[PDB]
Amino acid sequence: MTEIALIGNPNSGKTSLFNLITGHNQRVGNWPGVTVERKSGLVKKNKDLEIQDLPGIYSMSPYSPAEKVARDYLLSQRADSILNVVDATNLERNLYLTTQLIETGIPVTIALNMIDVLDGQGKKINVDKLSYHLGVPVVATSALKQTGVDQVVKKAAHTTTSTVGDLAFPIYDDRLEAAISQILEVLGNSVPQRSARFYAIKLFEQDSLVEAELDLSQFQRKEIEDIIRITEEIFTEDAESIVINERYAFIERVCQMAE
Ligand SMILES: Nc1nc2c(ncn2[C@@H]2O[C@H](COP(=O)(O)OP(=O)(O)NP(=O)(O)O)[C@@H](O)[C@H]2O)c(=O)[nH]1
Ligand SMILES: [Mg+2]
């Protein structure tokens, strides 16, 4: 049983896609925050696949208990594939989460949703360019026009933890990359190896939730703190700001290639 998780911003069209894929009629509304819990269903054309609808999230640092549900499902390691639902009309803001999803180590497939709206706006995205520079498969989809839905499933089904080798992660400023390496060494086996890069960056961000979940040793905590301090001194900038700006810097470069 292959497990696909529907991840992406609220109001991006995850449930709309879920209903088409499974045959269900789950609640779909034109405002952020409709889905409030996990909903499972089998993929109709290939029953070996189980797909999970989940509440929308803006990032992997949640706010609502609804946002937590989606995060907790991914971090429990239950997902074999991340089907990242992306609103193409607001690509830059949507990809902020995407970078974090690749970092979790669960192979990401992008449903570049709402492509029909984008075609109305007269704008276009070079799908293959966006795919190359992001290191993930991308499929232009429309839940309204019912285009590209089967193809995005097919690609997600074939981009799993058991079909994909070495994963290409978003490469940031080399100075932060040096800091990430040092945190990875410090972490060791305290996290699953697949998700190590995700946790390492979150620990650099000094994310409250991740810090509490991990319960690191006094020696790990002390070294990570020294690494942050030094990197802050090097970047002439606070840790939280370094990452936020590095993600958007990475996204801006990618969107220039694609748009
Ligand atoms: N034009 C257009 N509209 C779409 C498309 N996909 C979804 N929508 C519309 O966008 C709105 C949100 O869809 P929905 O599936 O509820 O999004 P969601 O990601 O499940 N929201 P949430 O995460 O809060 O549950 C709905 O009004 C839906 O009809 C699309 O591809 N094109
Ligand atoms: Mg939904």
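Thresholds, definitions, all that
Residues numbered from 1 in each chain as written, not as in the entry; some residues may be left out. Chains lettered and ligands numbered in written order. Heavy atoms only, no water. Residues with missing side-chain atoms left out of burial classes, pairs and counts. Domains from an automatic or database assignment. Helix = DSSP H or I, 4+ residues; strand = E, 2+ residues; numbered from the N terminus. Buried < 20%, exposed > 50% of the residue type's maximum accessible area, 1.4 Å probe, protein only. Contact = heavy atoms within 4.5 Å. Near = heavy atom within 4 Å. Polar contact = N/O pair within 3.5 Å; in protein donor to acceptor, adjacent residues only side chain to side chain. Areas by Shrake-Rupley, 256 points an atom, 1.4 Å probe, with all protein chains shown as cover. 1 Å grid on protein atoms, 1.4 Å probe; cavity = no way out; pocket = protein on both sides within 12 Å on 5 of 7 lines; lining within 4 Å. Sits in = over half its atoms within 2 Å of the grid points. Nonpolar A, V, L, I, M, F, W, Y, C, P; charged D, E, K, R; others polar. Core = buried A, V, L, I, M, F, W, Y, C linked by side-chain atoms within 4.5 Å. Expected span 1.5 Å × (residues − 1). Points joined across faces, edges and corners; volume = space filled by probe spheres on them.

Per the deposited record, X-ray crystallography is how this structure was determined, to a resolution of 2.6100 Å.

In the annotation of the PDB entry, the protein chain is listed under the name Ferrous iron uptake transporter protein B and assigned to Streptococcus thermophilus.

Taken domain by domain, the protein chain comprises domain 1 (1-171) and domain 2 (172-259). Using only C-alpha atoms to locate each centre, domain 1 and domain 2 end up separated by 24 Å. Those elements giving two or more residues to the side of domain 1 that touches domain 2 turn out to be helix 2 (65-75), helix 3 (91-103) and helix 5 (127-134). Take the side of domain 1 that touches domain 2: its biggest share by element is 7 residues, from helix 3.

Inspection of the secondary structure puts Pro-107 in the loop between helix 3 and strand 5 (108-113). Accessibility expressed as a relative area gives 1% for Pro-107, which makes it buried. The spacing of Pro-107 and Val-136 is 29 residues in sequence and 7.8 Å in space, taken between C-alpha atoms. With sequence-adjacent residues up to four places away left out, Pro-107 is seen in contact with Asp-80, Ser-81, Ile-82, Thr-159, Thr-160, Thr-161, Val-164 and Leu-167.

Attention shifts here to the site of ligand 1. Around ligand 1 there are 22 residues in total, and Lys-14, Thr-15, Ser-16, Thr-35 and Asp-116 lie nearest to it. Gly-13 is positioned with one of its backbone polar atoms (N or O) 3.1 Å from an oxygen atom of ligand 1. Protein contact buries 88% of the 660 Å² of open area that ligand 1 shows by itself. Placement of ligand 1 is best described as lying within the largest pocket. Within the residue set of the shell around ligand 1, elements represented by two or more residues are helix 1 (14-22) and helix 4 (115-120). At 3 residues, the largest contribution of residues to the shell around ligand 1 is made by helix 1. When grouped by side-chain class, the residues that make up the shell around ligand 1 number 7 nonpolar, 13 polar and 2 charged.

Moving on: the nonpolar core. Looking at soluble globular proteins, one finds that nonpolar side chains tend to be buried together. In this structure, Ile-7, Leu-74, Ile-110, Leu-112, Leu-130, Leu-187 and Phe-204 are the most contacted members of the largest nonpolar core, which totals 59 residues. Sort the elements by how many residues they give to this core and helix 11 (residues 239-258) lands first, with 8 residues. Residue-level mapping places this core at the junction of two domains, with at least three residues from each of domain 1 (1-171) and domain 2 (172-259). Setting aside its immediate chain neighbours within four residues, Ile-7 contacts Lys-14, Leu-54, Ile-57, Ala-70, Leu-74, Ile-82, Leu-83, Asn-84, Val-85, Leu-97 and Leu-101.

Position of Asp-226 among the secondary structure elements: in helix 10 (residues 218-235). On the basis of relative accessible area, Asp-226 is assigned to the partly exposed category, the value being 25%. Remark: the alpha-carbon pair of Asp-226 and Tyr-199, spanning 27 residues in sequence, is separated by 17 Å. Engagement of the side chain of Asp-226 in a polar contact is seen with the side chain of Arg-229, the distance being 2.7 Å.

This brings us to helix 11. Given a rise of 1.5 Å per residue, 20 residues ought to cover 28 Å, and the 29 Å separating the end C-alpha atoms of helix 11 matches this to within 8%. Those residues of helix 11 not exposed but buried are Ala-239, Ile-242, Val-243, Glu-246, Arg-247, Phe-250, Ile-251, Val-254, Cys-255 and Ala-258. Against helix 3, helix 5, helix 7 (174-187), helix 8 (196-204) and helix 10 lie the buried residues of helix 11.

Once that is clear, we can look at unusual backbone geometry. Backbone geometry at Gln-77 places phi at a positive 75 degrees, although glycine is not the residue there. Even without being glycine, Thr-236 reaches a positive phi, approximately 55 degrees. Tracing the sequence through the fold places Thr-236 in the loop between helix 10 and helix 11.

On to the layout of surface pockets. The space that makes up the largest pocket amounts to roughly 390 Å³. For the largest pocket, the lining is made up of 25 residues, of which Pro-10, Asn-11, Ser-12, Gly-13 and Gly-29 are closest to its centre. For the lining of the largest pocket, the secondary-structure elements that each account for two or more residues are helix 1 and helix 3. Grouping the amino acids of the lining of the largest pocket by side-chain chemistry returns 9 nonpolar, 12 polar and 4 charged. What the second largest pocket holds in volume is close to 220 Å³. What lines the second largest pocket is a set of 13 residues, and nearest its centre among them are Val-43, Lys-45, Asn-46, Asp-150 and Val-153.

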